[PDB]
Amino acid sequence: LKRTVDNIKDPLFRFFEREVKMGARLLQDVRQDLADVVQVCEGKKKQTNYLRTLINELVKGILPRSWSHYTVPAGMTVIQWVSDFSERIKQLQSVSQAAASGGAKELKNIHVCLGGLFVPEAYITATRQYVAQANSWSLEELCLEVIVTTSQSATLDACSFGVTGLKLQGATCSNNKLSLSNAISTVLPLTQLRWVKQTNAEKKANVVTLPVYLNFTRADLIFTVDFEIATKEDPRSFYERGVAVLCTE
Amino acid sequence: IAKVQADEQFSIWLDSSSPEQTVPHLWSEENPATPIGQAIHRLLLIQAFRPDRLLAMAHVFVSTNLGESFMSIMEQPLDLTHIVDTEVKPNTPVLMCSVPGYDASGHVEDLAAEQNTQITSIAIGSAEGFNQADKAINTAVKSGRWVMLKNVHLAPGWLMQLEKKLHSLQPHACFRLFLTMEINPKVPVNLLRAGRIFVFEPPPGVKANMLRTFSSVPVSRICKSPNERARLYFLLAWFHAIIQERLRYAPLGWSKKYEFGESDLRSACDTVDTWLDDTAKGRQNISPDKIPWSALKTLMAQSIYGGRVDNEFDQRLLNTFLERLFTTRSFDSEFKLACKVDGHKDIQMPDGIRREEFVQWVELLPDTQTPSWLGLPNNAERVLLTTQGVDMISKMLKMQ
Amino acid sequence: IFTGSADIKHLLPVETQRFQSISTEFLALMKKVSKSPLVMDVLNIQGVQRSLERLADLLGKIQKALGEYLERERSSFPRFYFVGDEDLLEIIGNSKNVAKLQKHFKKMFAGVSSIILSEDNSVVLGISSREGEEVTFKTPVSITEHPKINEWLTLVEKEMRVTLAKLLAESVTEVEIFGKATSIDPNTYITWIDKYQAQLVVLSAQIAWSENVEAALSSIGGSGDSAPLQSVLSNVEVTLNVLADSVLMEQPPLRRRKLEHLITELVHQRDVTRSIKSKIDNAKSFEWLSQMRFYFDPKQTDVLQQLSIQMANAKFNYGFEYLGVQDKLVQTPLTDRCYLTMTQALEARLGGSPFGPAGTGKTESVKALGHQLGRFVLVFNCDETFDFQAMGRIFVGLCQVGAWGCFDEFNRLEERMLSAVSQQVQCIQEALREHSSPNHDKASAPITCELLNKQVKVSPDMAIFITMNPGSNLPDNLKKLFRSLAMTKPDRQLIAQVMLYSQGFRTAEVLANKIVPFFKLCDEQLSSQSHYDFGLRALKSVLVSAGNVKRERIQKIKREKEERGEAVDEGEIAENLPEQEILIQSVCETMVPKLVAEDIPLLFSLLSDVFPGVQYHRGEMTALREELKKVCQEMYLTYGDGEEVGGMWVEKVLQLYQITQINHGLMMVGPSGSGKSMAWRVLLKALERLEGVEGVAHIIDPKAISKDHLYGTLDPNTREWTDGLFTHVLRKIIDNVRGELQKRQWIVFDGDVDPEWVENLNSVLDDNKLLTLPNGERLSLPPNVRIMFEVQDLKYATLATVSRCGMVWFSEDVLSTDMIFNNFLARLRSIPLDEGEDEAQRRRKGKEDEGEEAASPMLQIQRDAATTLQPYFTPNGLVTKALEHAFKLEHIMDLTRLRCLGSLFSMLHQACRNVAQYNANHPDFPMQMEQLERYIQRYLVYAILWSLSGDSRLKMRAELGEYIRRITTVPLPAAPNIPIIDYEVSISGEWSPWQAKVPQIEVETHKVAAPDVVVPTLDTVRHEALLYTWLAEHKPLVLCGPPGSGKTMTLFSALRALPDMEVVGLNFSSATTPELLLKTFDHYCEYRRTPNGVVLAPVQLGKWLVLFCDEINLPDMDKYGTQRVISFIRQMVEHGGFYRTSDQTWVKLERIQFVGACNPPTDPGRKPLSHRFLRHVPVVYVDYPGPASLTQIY
Ligand SMILES: Nc1ncnc2c1ncn2[C@@H]1O[C@H](COP(=O)(O)OP(=O)(O)NP(=O)(O)O)[C@@H](O)[C@H]1O
Ligand SMILES: Nc1ncnc2c1ncn2[C@@H]1O[C@H](COP(=O)(O)OP(=O)(O)OP(=O)(O)O)[C@@H](O)[C@H]1O
Ligand SMILES: Nc1ncnc2c1ncn2[C@@H]1O[C@H](COP(=O)(O)OP(=O)(O)O)[C@@H](O)[C@H]1O
Ligand SMILES: [Mg+2]
Ligand SMILES: [Mg+2]
Ligand SMILES: [Mg+2]
């Protein structure tokens, strides 16, 4: 990303710049390692110790430790990693195009897949500050209101940001209302993160707090979402059944 | 694609409980495939359609290749008699590795009891323990006696020295050295390589966990006045099972695999004893309202079991379990230990007020446990299965 | 042992007599051996083997008898297990000199730092804390009646406990009046607080609150009305209001700390009482039982059983250990859970293991719980500085005295130490578990553990805590003996709220909810920097500083109103006062000096995000500002205010001044050439002129000399002590031979910081302000002395050193290129080049140098030169744009701005010197400005090309020449296909090809390829001109290039061509150290004691010594990446001298130069030179001669 005077002022721009910085570094590293593997398998490169262990891990499917400079699910194979890496770098290219041409403000209107980002919690922090700066509000008086919209590309308010790829585990979000589900996981269409001024309203008994875990391993917590309980369902059922939100599945 | 769309029973098969036993013919080939060819084609179809059943289908593939009774020995209980007497040489140690928290020394204790062979059991970990161990090893090698060395994972270097000593030593034909461990990476590779290894895992399930719990807790301890004490233990036992079995279904059950084990159970039993003794003050019976439910719930949620829990959502889950189980309502005749079990019918807490009644209720539990017993959805098992299936394939890649 | 203290002989008379007899025999034997030192002769001594065996037997017996005596003394006074054998021998041996025992009380006791003796020092009147708080014994302990150290020391400990118990009883009796009241008088409350010790004050208030709530709950149960609990809450709120009113006022530091502790206590008490909400009506309800409750029973005869502290099931007794004035912790829900879990583990006889990320308050919570129970807690830091050999002795001490032991991070121990300490902890914890065994006789309970191969009795009151940091788990033997607790997320919001409330802030909650997320933002949005610290400790320090700022604003307003006729009201001043502005001011004053240039806009952006509309206004310092402006004018530096040129540098020097005011040790960690040295020198001179206090600086490069030569060393054979450089400087100031104290002494280091030479400085930089020597002397840091580090980076610096020192980061944006251009032009217009010693002191003697404008023809010539150079040296001047292009070009060395700028300035100096020599050679026709202008413009272009592209290859030199041709209007040579760098600027403005100056020499038949014959070629004459230019100014010129290019021969030939020049070849290698340069100076130079000082000058008068160092790159770096000889050369070329390792005196160089040659740093075995060294050296890339030069030579 091309940093300019106005660009560095935007928290979203700074986040995306850090993301693409890390993405490019890993992209070239992995590509150079794969090129060395191709050269060895073609017969024109000698197997060094690092090359030998890398080839052994790729043949056995063990994820190389030199790779995965960001947070990844534990025990995941090399194929799952390269597929996810390709998707993440494609998202980074699309974000790069929007930032370079679409302008800085387009970064507000673009829908970001939290799974693709290396540090989505930094994205949530950026969004909060953005809202605070635009509305001249203090940062700590902002609380996150989540509205899942099934309408494609639903209108984005000034403080409403689009996020895709969210997966709801063991629940179905209908009309922004959760209902216990026996399905393995239900993909949330377009989750809208709205940063609203914090009120003194008492959390209703029909409100449940769900963790938004980074991946299916539930090892990294990104943030929490307050959802409404549909029908006569106890929140203790949501707690026991392990209902949660995953940035990536 | 064409076969999938054209088939009418494909949908019900995809929604079947055991699709691996009724996999439809969805492949095209010039000549009829041999039984192993049909087995591998079904294996591919199951992997594509119903990965959770892959393991089951993998066992079918092994059966269609190595016979229907290839694995059947493993489900049978281990018979250490012949193995230790013959398969094992006198100079080959019998390594008995359990999962952390499990014990395997009782197996060889009973083996020596039935074999009428004198065995000396020695707990390793202290220098006096080391001296007792090596002197008893010398006595047994010169006299053909059995040696037990418990928890030898605590002394890795001493294990290396023991392996070196055994390599040169020439034992008597009846000498048998058993070393019990809890499966640690600290165990030397040379000791594992130069010794027969037996891996012991507890039988999974709420019923087995509660049976192990009741057995460990002294009968006299659960029999002490007031008579309500036993019921408390039952709840505690149930709670322990409900969490430990839930640990199998991580990360859906618990966000991470905590070390809920015997130490927490002993601490909770001690807490129950102390607080119930303080409340009763010698009375033979106390009202269910008088029991310090708040004290027990708080100490188990923040101190006994909640100490290991660092996630706030795992702590919330633990608090919900404790608030559901440890109440006065648990002393009613209609208290429901687990609701919506299997989608119909729910577990009822036993009406008895004696330890033997609770153990009888545990022993008559149906052998149809589902994650609904633990509060989890019944599909959780499927998730576990599919994970294991993927895991198997990953392991099969590492053997390439 | 027997020649260290005279009283040791009195303690062990038999052993002393025995050793004297053995020593006689051994010395006779050693004299016999010294007569005939041959091994065969020694082996042939009659009965030598039997004599040595007898000596070994007897010596072993005495050593054992001594060990048994030490063990008996330790057993009599168990706290002696906390001091080593040497310390214990000092304690018992120095019985008469009681004042030597005061240095060991900190190890034995918790808060007892000293004991207060009588006038005759024969009666222990009482004890004292490190802060200064004292506790007078009800019945003083008499040393004369109990001469044995063990006896009277045990009596001191017992009287400590008894006094504390009685004073607590009195304090509780007094504070029950305040508890049972509706309006606490502030004066009476402050009097009570002043009367009693801080721990006793807090404990008495806790006891009073617990008694009131206990009585209330019982009353509520019978009455059925929550009135009693409401009254308790009201009383707590009234006392909190009184405490707030007191803490706004001006209080002594001890009373201020007591007030803060009381506020932290009462906030928690009010929170617990409010938690009235849950409608508790019984004293046995777990909502009350789970709270730590204090039941004081003064009628108990045993002091250790007078106060009971009960939490849930657990019930302990107050140990009544004097803790001094400790740091009370905000009782957050996480700390409440920690207290509950650890008390439950202690009651269950299990140890505690709080685990989590570093900085979550684990060991602090353990220590706070130990101090709440009146226990002595020892925290064992499990880092590399861990006393493994003393662990068993300390464990025995903990078992015997009933003290607590906390391990800071038990997983940081290596495998062997981890296993051994785990075994010891396991045996002690099994012994503790034995105490929960009913079968064991309670009446007679000698529970013992196997420690130090002996049966050590374990007191039931001791405990072991094992703090861990996952990412890991407890050792397998300790897993079943310890209760783990996840302390992973401290409640920073409540901590900040309570601390801000204790500092007088009325909007404590809002400010906390603002400052915690702000610190999270900075910790996650500022450049990853090692010196950055946004943790809980830094947040607490920021809050304390904000309280200080609030109080200083209040005092300023009060003083202003007192000067006027307006009435004074502290509460009114506090009310009409912005707390958010004070918080932002404290945050800025603490964090901005540590920020890099990129993070300041970020910091202010995040700040505005959290604090909207609140602006930070830097304090105005007009007096220091005008002094700084005068000094900068005197030193030709550029000054500016705010956004003006030099504004960033001036704000940096102001920040450095404020850091000097706050801390005694501090660091400048800007990159090379960022104005650090000029900043602190200008500040020193400005302070000199402003305050009137003389300023003296001691620049001590810590790597040009060894650690032994820096801190001194003592000979183990003869016990002869030598003062090191830093120790000599510190002792000189402490001696005050010439009233050193009356002068501001700054000890600047100006060298790389590593964890090897700062270990002895850690105690100096700490709050101790003390230097401990291997001799044993304890040198106290004087108040005027300021230890200052001027470094480039902190890659190899410990976090301890960084934390102990203030931080001022001098980013390269502080120093602007315009500022350096202005400095160069001012120096050129002011300082005459030809004048040396003369007109150098005349600059200082003349405030404005009136009447000395035409000092010399040199000065007029260079003033005219500065006029012609002025247009080019503008913000967008040719020089700037060329410098940007130079950065774009690739170079053989790591490019720095100041290396190129210094090379350019020296070339311009040589240009004006050439004008001078032309004027001298033609008196009749002075160089008219017309020709002078043309010549200077052309030479400016020449110097730009040779300074910016000197490192570059010929292609990049051509690229820079083409860029200059495109961006300039000066007439460049019109050669179609010849580079501009191939032309010389003659005396006239016209260019002339270098090939014209190349002669056609003829070599004789022999010596055809001699290693001293140099055929003059274009490259040779061009480089020789560059050498003459940069050696007229005595710069450390370096030629770099591929091997075989001709660096060594051209350098040697040009140096030998100069008549008054002694060339010394010093071939460097990886084994090269500064002692090579010292040997060279000893061989070729002499030291003379001039009145100014020691001067090192060549023995041959009227000659300059040049040290041709052939391979600058080769000297190997340390494991912290530093070439010591390169740092030595850098010191000798920057500061113009060094320090003798024998006299510890400054030696100024005279008539000594340095010249270097190198191969490219990318070559194997060559290390890149430091930027602080490359700043002074002009580097030239000596490439291969090329077809024409090769054709001519061969
Ligand atoms: N102008 C010249 N006149 C005569 N001989 C030259 C000249 N330039 C290079 N040479 C020859 O080139 C070689 C240079 O030797 P030397 O001066 O030791 O090179 P260097 O730059 O010091 N290389 P190294 O020290 O190995 O990195 C010798 O063999 C010289 O004879
Ligand atoms: N305020 C100023 N105005 C003009 N020029 C300045 C100013 N401060 C410094 N300079 C110039 O910049 C040069 C570098 O400054 P200084 O010697 O203080 O650097 P330093 O940070 O100590 O660097 P090093 O790491 O090389 O020791 C000075 O020699 C001087 O020429
Ligand atoms: N309840 C509290 N009140 C005040 N300060 C606290 C509290 N808890 C933690 N802290 C601060 O947090 C820091 C943590 O330091 P420490 O506990 O020594 O390291 P660790 O947390 O790694 O054990 C301490 O400086 C302490 O001042
Ligand atoms: Mg720490
Ligand atoms: Mg400097
Ligand atoms: Mg050379």
# chains A, B, ... in the order shown; residues from 1 in each chain; ligands from 1
>>> residues_near_ligand(ligand="ligand 2", cutoff="8 Å", atoms="only C-alpha atoms and all ligand atoms", output="PyMOL selection string")
chain C and resi 632+636-639+646+649-650+670-680+750+790-792+810+815-816+819-824+898+1171-1173+1175-1176
>>> residues_near_ligand(ligand="ligand 1", cutoff="7 Å", atoms="only C-alpha atoms and all ligand atoms", output="PDB file with N, CA, C and O atoms, in the first residue's frame")
ATOM      1  N   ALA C1009      58.453  -4.295 -10.864  1.00  0.00           N
ATOM      2  CA  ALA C1009      57.177  -4.473 -10.184  1.00  0.00           C
ATOM      3  C   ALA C1009      57.370  -4.419  -8.678  1.00  0.00           C
ATOM      4  O   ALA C1009      56.824  -5.235  -7.930  1.00  0.00           O
ATOM      5  N   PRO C1011      57.079  -3.358  -4.761  1.00  0.00           N
ATOM      6  CA  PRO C1011      55.868  -3.056  -3.987  1.00  0.00           C
ATOM      7  C   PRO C1011      55.804  -1.618  -3.497  1.00  0.00           C
ATOM      8  O   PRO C1011      54.939  -1.278  -2.684  1.00  0.00           O
ATOM      9  N   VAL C1013      56.689   1.071  -6.021  1.00  0.00           N
ATOM     10  CA  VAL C1013      56.613   1.908  -7.213  1.00  0.00           C
ATOM     11  C   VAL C1013      55.150   2.031  -7.625  1.00  0.00           C
ATOM     12  O   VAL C1013      54.430   1.031  -7.719  1.00  0.00           O
ATOM     13  N   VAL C1014      54.695   3.265  -7.815  1.00  0.00           N
ATOM     14  CA  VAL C1014      53.322   3.554  -8.204  1.00  0.00           C
ATOM     15  C   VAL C1014      53.380   4.389  -9.473  1.00  0.00           C
ATOM     16  O   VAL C1014      53.883   5.520  -9.458  1.00  0.00           O
ATOM     17  N   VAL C1015      52.871   3.838 -10.569  1.00  0.00           N
ATOM     18  CA  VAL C1015      52.823   4.559 -11.836  1.00  0.00           C
ATOM     19  C   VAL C1015      51.674   5.556 -11.767  1.00  0.00           C
ATOM     20  O   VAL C1015      50.521   5.155 -11.558  1.00  0.00           O
ATOM     21  N   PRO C1016      51.938   6.853 -11.920  1.00  0.00           N
ATOM     22  CA  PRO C1016      50.856   7.843 -11.838  1.00  0.00           C
ATOM     23  C   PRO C1016      49.848   7.651 -12.957  1.00  0.00           C
ATOM     24  O   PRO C1016      50.189   7.700 -14.141  1.00  0.00           O
ATOM     25  N   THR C1017      48.596   7.429 -12.572  1.00  0.00           N
ATOM     26  CA  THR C1017      47.488   7.329 -13.506  1.00  0.00           C
ATOM     27  C   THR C1017      46.388   8.279 -13.052  1.00  0.00           C
ATOM     28  O   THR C1017      46.504   8.943 -12.019  1.00  0.00           O
ATOM     29  N   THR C1020      45.106   7.431  -9.720  1.00  0.00           N
ATOM     30  CA  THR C1020      46.106   7.668  -8.686  1.00  0.00           C
ATOM     31  C   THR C1020      46.166   9.141  -8.299  1.00  0.00           C
ATOM     32  O   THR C1020      46.112   9.480  -7.112  1.00  0.00           O
ATOM     33  N   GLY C1041      37.501  -0.951  -1.511  1.00  0.00           N
ATOM     34  CA  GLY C1041      37.465  -1.453  -2.861  1.00  0.00           C
ATOM     35  C   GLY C1041      37.847  -2.914  -2.960  1.00  0.00           C
ATOM     36  O   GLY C1041      38.291  -3.532  -1.989  1.00  0.00           O
ATOM     37  N   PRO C1042      37.686  -3.492  -4.151  1.00  0.00           N
ATOM     38  CA  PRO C1042      38.032  -4.897  -4.330  1.00  0.00           C
ATOM     39  C   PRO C1042      39.530  -5.103  -4.197  1.00  0.00           C
ATOM     40  O   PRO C1042      40.320  -4.166  -4.401  1.00  0.00           O
ATOM     41  N   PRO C1043      39.970  -6.310  -3.840  1.00  0.00           N
ATOM     42  CA  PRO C1043      41.406  -6.546  -3.667  1.00  0.00           C
ATOM     43  C   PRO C1043      42.165  -6.385  -4.975  1.00  0.00           C
ATOM     44  O   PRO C1043      41.663  -6.693  -6.056  1.00  0.00           O
ATOM     45  N   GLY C1044      43.398  -5.897  -4.859  1.00  0.00           N
ATOM     46  CA  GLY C1044      44.251  -5.665  -6.003  1.00  0.00           C
ATOM     47  C   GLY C1044      44.053  -4.339  -6.697  1.00  0.00           C
ATOM     48  O   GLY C1044      44.780  -4.049  -7.654  1.00  0.00           O
ATOM     49  N   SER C1045      43.103  -3.516  -6.246  1.00  0.00           N
ATOM     50  CA  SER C1045      42.844  -2.245  -6.911  1.00  0.00           C
ATOM     51  C   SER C1045      43.993  -1.261  -6.723  1.00  0.00           C
ATOM     52  O   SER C1045      44.264  -0.455  -7.619  1.00  0.00           O
ATOM     53  N   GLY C1046      44.670  -1.306  -5.582  1.00  0.00           N
ATOM     54  CA  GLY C1046      45.807  -0.437  -5.355  1.00  0.00           C
ATOM     55  C   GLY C1046      45.629   0.492  -4.174  1.00  0.00           C
ATOM     56  O   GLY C1046      46.228   1.567  -4.130  1.00  0.00           O
ATOM     57  N   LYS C1047      44.802   0.087  -3.211  1.00  0.00           N
ATOM     58  CA  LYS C1047      44.550   0.927  -2.046  1.00  0.00           C
ATOM     59  C   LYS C1047      45.814   1.119  -1.217  1.00  0.00           C
ATOM     60  O   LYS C1047      46.211   2.252  -0.920  1.00  0.00           O
ATOM     61  N   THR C1048      46.468   0.014  -0.851  1.00  0.00           N
ATOM     62  CA  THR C1048      47.602   0.089   0.066  1.00  0.00           C
ATOM     63  C   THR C1048      48.763   0.864  -0.539  1.00  0.00           C
ATOM     64  O   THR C1048      49.356   1.721   0.124  1.00  0.00           O
ATOM     65  N   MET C1049      49.098   0.587  -1.799  1.00  0.00           N
ATOM     66  CA  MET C1049      50.255   1.239  -2.406  1.00  0.00           C
ATOM     67  C   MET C1049      50.000   2.720  -2.646  1.00  0.00           C
ATOM     68  O   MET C1049      50.881   3.552  -2.412  1.00  0.00           O
ATOM     69  N   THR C1050      48.802   3.075  -3.115  1.00  0.00           N
ATOM     70  CA  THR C1050      48.497   4.490  -3.307  1.00  0.00           C
ATOM     71  C   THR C1050      48.506   5.238  -1.981  1.00  0.00           C
ATOM     72  O   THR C1050      49.073   6.334  -1.888  1.00  0.00           O
ATOM     73  N   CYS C1158      40.103  -0.849   3.302  1.00  0.00           N
ATOM     74  CA  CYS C1158      39.149  -1.926   3.514  1.00  0.00           C
ATOM     75  C   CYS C1158      38.855  -2.625   2.200  1.00  0.00           C
ATOM     76  O   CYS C1158      39.075  -2.085   1.115  1.00  0.00           O
ATOM     77  N   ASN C1159      38.356  -3.831   2.323  1.00  0.00           N
ATOM     78  CA  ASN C1159      37.642  -4.547   1.288  1.00  0.00           C
ATOM     79  C   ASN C1159      36.149  -4.401   1.531  1.00  0.00           C
ATOM     80  O   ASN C1159      35.729  -4.077   2.646  1.00  0.00           O
ATOM     81  N   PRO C1185      41.577  -0.203 -11.891  1.00  0.00           N
ATOM     82  CA  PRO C1185      42.026   0.941 -12.705  1.00  0.00           C
ATOM     83  C   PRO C1185      41.333   1.072 -14.053  1.00  0.00           C
ATOM     84  O   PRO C1185      41.053   2.197 -14.485  1.00  0.00           O
ATOM     85  N   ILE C1193      50.043   1.880 -16.776  1.00  0.00           N
ATOM     86  CA  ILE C1193      50.887   1.302 -15.732  1.00  0.00           C
ATOM     87  C   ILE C1193      51.764   0.201 -16.309  1.00  0.00           C
ATOM     88  O   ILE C1193      52.993   0.193 -16.140  1.00  0.00           O
TER      89      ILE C1193
END
>>> closest_atom_pairs(of="chain B", to="chain C", cutoff="6 Å", atoms="only C-alpha atoms", output="tab-separated table")
residue	atom	partner	partner_atom	distance
B:295	CA	C:286	CA	5.7
B:303	CA	C:341	CA	4.9
B:307	CA	C:485	CA	4.1
B:308	CA	C:486	CA	5.8
B:310	CA	C:486	CA	5.3
>>> residues_near_ligand(ligand="ligand 3", cutoff="6 Å", atoms="only C-alpha atoms and all ligand atoms", output="list in words")
residues 329, 330, 331, 332, 335, 358, 359, 360, 361, 362, 363, 364, 495, 536 and 537 of chain C
>>> write_last_selection(atoms="N, CA and C atoms", output="mmCIF file, in the first residue's frame")
data_model
loop_
_atom_site.group_PDB
_atom_site.id
_atom_site.type_symbol
_atom_site.label_atom_id
_atom_site.label_comp_id
_atom_site.auth_asym_id
_atom_site.auth_seq_id
_atom_site.Cartn_x
_atom_site.Cartn_y
_atom_site.Cartn_z
ATOM 1 N N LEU C 329 -1.902 -3.352 47.195
ATOM 2 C CA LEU C 329 -2.475 -3.646 45.892
ATOM 3 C C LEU C 329 -3.967 -3.344 45.901
ATOM 4 N N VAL C 330 -4.470 -2.850 44.770
ATOM 5 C CA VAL C 330 -5.904 -2.660 44.617
ATOM 6 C C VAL C 330 -6.579 -4.023 44.614
ATOM 7 N N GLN C 331 -7.578 -4.190 45.479
ATOM 8 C CA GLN C 331 -8.162 -5.503 45.738
ATOM 9 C C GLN C 331 -9.209 -5.785 44.660
ATOM 10 N N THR C 332 -8.716 -6.126 43.471
ATOM 11 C CA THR C 332 -9.582 -6.405 42.341
ATOM 12 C C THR C 332 -10.238 -7.776 42.497
ATOM 13 N N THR C 335 -7.673 -10.394 42.204
ATOM 14 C CA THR C 335 -6.912 -10.574 43.436
ATOM 15 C C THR C 335 -7.762 -11.191 44.536
ATOM 16 N N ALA C 358 3.249 -12.580 31.853
ATOM 17 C CA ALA C 358 4.027 -11.708 32.720
ATOM 18 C C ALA C 358 3.344 -10.355 32.867
ATOM 19 N N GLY C 359 3.384 -9.811 34.079
ATOM 20 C CA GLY C 359 2.771 -8.532 34.361
ATOM 21 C C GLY C 359 1.323 -8.583 34.789
ATOM 22 N N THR C 360 0.805 -9.758 35.139
ATOM 23 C CA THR C 360 -0.579 -9.904 35.565
ATOM 24 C C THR C 360 -0.749 -9.820 37.075
ATOM 25 N N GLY C 361 0.316 -9.522 37.813
ATOM 26 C CA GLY C 361 0.206 -9.389 39.250
ATOM 27 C C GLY C 361 0.224 -10.688 40.017
ATOM 28 N N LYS C 362 0.913 -11.710 39.508
ATOM 29 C CA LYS C 362 0.933 -13.002 40.189
ATOM 30 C C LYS C 362 1.792 -12.948 41.446
ATOM 31 N N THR C 363 3.086 -12.671 41.282
ATOM 32 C CA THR C 363 3.970 -12.615 42.438
ATOM 33 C C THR C 363 3.634 -11.437 43.341
ATOM 34 N N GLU C 364 3.136 -10.337 42.774
ATOM 35 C CA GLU C 364 2.682 -9.229 43.605
ATOM 36 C C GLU C 364 1.482 -9.630 44.451
ATOM 37 N N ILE C 495 -8.034 -1.015 38.911
ATOM 38 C CA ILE C 495 -6.756 -0.597 39.481
ATOM 39 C C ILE C 495 -6.527 0.885 39.220
ATOM 40 N N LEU C 536 1.157 -2.615 33.246
ATOM 41 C CA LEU C 536 0.449 -2.131 34.424
ATOM 42 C C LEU C 536 1.350 -1.275 35.305
ATOM 43 N N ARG C 537 2.632 -1.632 35.408
ATOM 44 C CA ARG C 537 3.564 -0.831 36.199
ATOM 45 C C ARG C 537 3.722 0.567 35.613
#
>>> interface_residues(of="chain B", to="chain A", cutoff="10 Å", atoms="only C-alpha atoms", output="PyMOL selection string")
chain B and resi 250-256+311-314+316-321+324+371-372+374-380+382-383+390-391+394-400
>>> interface_residues(of="chain C", to="chain A", cutoff="6 Å", atoms="only C-alpha atoms", output="number ranges by chain")
C: 609-610, 612
>>> select_by_dssp(residues="range 9-193 of chain B", states="helix (DSSP H, G or I)", output="ChimeraX atom specification")
/B:10-14,19-22,35-49,51-66,72-75,80-87,105-115,127-143,152-154,156-168,189-193
>>> residues_around(residues="residue 191 in chain B", least_positions_apart="2", cutoff="9 Å", atoms="only C-alpha atoms", output="number ranges by chain")
B: 93, 95, 159-160, 162-164, 187-189, 193-195
>>> atom_distance(atom1="CA of residue 100 in chain A", atom2="CA of residue 84 in chain A")
24.0 Å
>>> select_by_dssp(residues="range 631-855 of chain C", states="strand (DSSP E)", output="number ranges by chain")
C: 665-668, 694-697, 713-714, 721-722, 743-748, 770-772, 778-780, 786-790, 806-808
>>> residues_around(residues="range 783-785 of chain C", least_positions_apart="6", cutoff="7 Å", atoms="only C-alpha atoms", output="short mmCIF file (atom, residue, chain, number, x, y, z; two decimals) with N, CA, C and O atoms, in the first residue's frame")
data_model
loop_
_atom_site.label_atom_id
_atom_site.label_comp_id
_atom_site.auth_asym_id
_atom_site.auth_seq_id
_atom_site.Cartn_x
_atom_site.Cartn_y
_atom_site.Cartn_z
N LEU C 741 31.26 18.53 44.48
CA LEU C 741 29.80 18.57 44.71
C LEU C 741 29.24 19.93 44.26
O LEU C 741 28.15 19.94 43.65
N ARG C 744 28.03 20.62 38.82
CA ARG C 744 27.16 19.61 38.23
C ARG C 744 28.00 18.63 37.42
O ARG C 744 28.50 18.97 36.35
N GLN C 745 28.13 17.41 37.94
CA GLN C 745 28.94 16.37 37.31
C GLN C 745 28.04 15.44 36.51
O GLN C 745 27.16 14.78 37.07
N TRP C 746 28.28 15.38 35.20
CA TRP C 746 27.57 14.47 34.31
C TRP C 746 28.56 13.45 33.79
O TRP C 746 29.56 13.81 33.17
#
>>> decode(residues="range 214-218 of chain A", atoms="C-alpha atoms", output="short mmCIF file (atom, residue, chain, number, x, y, z; two decimals), in the first residue's frame")
data_model
loop_
_atom_site.label_atom_id
_atom_site.label_comp_id
_atom_site.auth_asym_id
_atom_site.auth_seq_id
_atom_site.Cartn_x
_atom_site.Cartn_y
_atom_site.Cartn_z
CA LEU A 214 -10.53 -16.87 15.16
CA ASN A 215 -10.89 -20.42 13.82
CA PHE A 216 -12.46 -23.79 14.65
CA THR A 217 -9.78 -24.60 17.25
CA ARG A 218 -11.24 -21.89 19.53
#
